[PDB]
Structure formats: C-alpha cells, structure tokens
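Starting off, we have a lone chain in the form deposited in one PDB entry, written out as structure tokens.
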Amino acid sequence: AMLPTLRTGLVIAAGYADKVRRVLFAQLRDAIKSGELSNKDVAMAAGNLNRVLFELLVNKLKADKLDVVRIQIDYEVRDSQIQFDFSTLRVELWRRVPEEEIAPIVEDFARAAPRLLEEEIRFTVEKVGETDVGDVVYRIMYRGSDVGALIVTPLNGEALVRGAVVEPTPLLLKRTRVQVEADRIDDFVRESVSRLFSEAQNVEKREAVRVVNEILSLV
C-alpha cells in the first residue's frame, strides 16, 4: 500500500519550516476533524520533522538561508499516531549565485533586449524521413541545436504544413496551406521555415512538446 507524501515543493531554506507545517496540516485536515488526530499531534509531528531537517540542512549540507531546498518524506497515520518513514526522506538543494555575478550581466543584456524582442527567430531544418502516405518530416533547429519538428503533406498539387518548436519559445505552426507542387517540397521548407513560424501560435511548452513527439513518431 502506497503512503501519503509530505512535499514542500521549491522553497527558500529560511521558510521550509512553516512550509512543512502548513502542508502537513492541510493533508491531515480530515484526520483532525474526524478525531483520529489532534492539532497538537500534527504540530508536534511537524516540529519533530523540522527539528531533524534543521540538522540536515544547516549542519550537514551547510545550506544558506537564501538557498533553495525541496524536501519530501512519506508518513503513516495508524491508530491516532503520525509516523515518518525516514527511508523515504529525500532532500534537494540549490545554491544561490551571488548578485554581484548576475546583476551586471542581466543589466548588460537588458540594453540589447528590446532589439531581440522584435527580431524574428530564424530556423534551420533537416529532413528526417517520409511516411507511407508521403508526408515529409523535418527536424527544426535553433543555433545548431534541435528544438522542434515539422511535417509537410503534399496534396492535389499543393502542400500542407504543420509543426512546433519548444525553444527559444514554445511555438505551434497551425495547419497551413502554401503554394507548392510536390516537386518543390524539400526546397520550400528550407526557404520558408523561419518565415512560417513568424506567424505561429505562442503556446505552452507541453503543447509544443506533444506535437513534436507526434510528428517524429510517424517516422
């Protein structure tokens, strides 16, 4: 039987304690109201966990209070008692990069940002293969790295284009008809890929990711 898991999510090390206490109270809200637990039992349980985590985070790992941690642990509630399974204790740590190292870089970049904000991104492609019914699949790239996929369906004298990229920003190229005879497909894609995505939809990452995988799966 699977056990409930106490998860903090991403939190600044200085505030993990109040995060652990509030999450645990939220999960055991029904248990308290049902009468299986008291508010004292839960607060005491969280306090003991926080007591343990303090030694781990501050002493063993030397985490600064401005660092970021993510903590999770399974726990069991049986017969009016809360018990943690410390074999399930998992702790993630992120160490802070000093402002003196980031602020000047961001400030420098901020001056060049309004130019970059309007520029069209410019992509490159490479043919991946063809389907049984004659669709052509391309890999779409940004700066030599793979960032998306594209599929072209030649039809009665014309072609249909669909695709999506994940980086530098999630874009979805909706089903688009272009003036191309099947003879002109491979040439057209290389000439028009950057231009097609200038009118693409700005979507969420997972939406773009799914389409990329859908298109690449057909090969």
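Note that residue numbering begins at 1 and tracks the sequence as displayed. Here the rigid core means the biggest group of C-alpha atoms that line up within 1.5 Å when the two forms are laid on top of each other.
Unshown form deposited in another entry; subsequent notes refer to it.
Put simply, after the core is superposed between the shown form and the other one, 182 is the one residue in 182, 32, 160, 44 with a Cα shift of at least 2 angstroms.
Compared with the form shown here, the Cα atoms of residue 181 and residue 130 move at least 3 Å farther apart in the other form.
Compared with the form shown here, the C-alpha atoms of residue 213 and residue 182 sit at least 3 Å farther apart in the other form.
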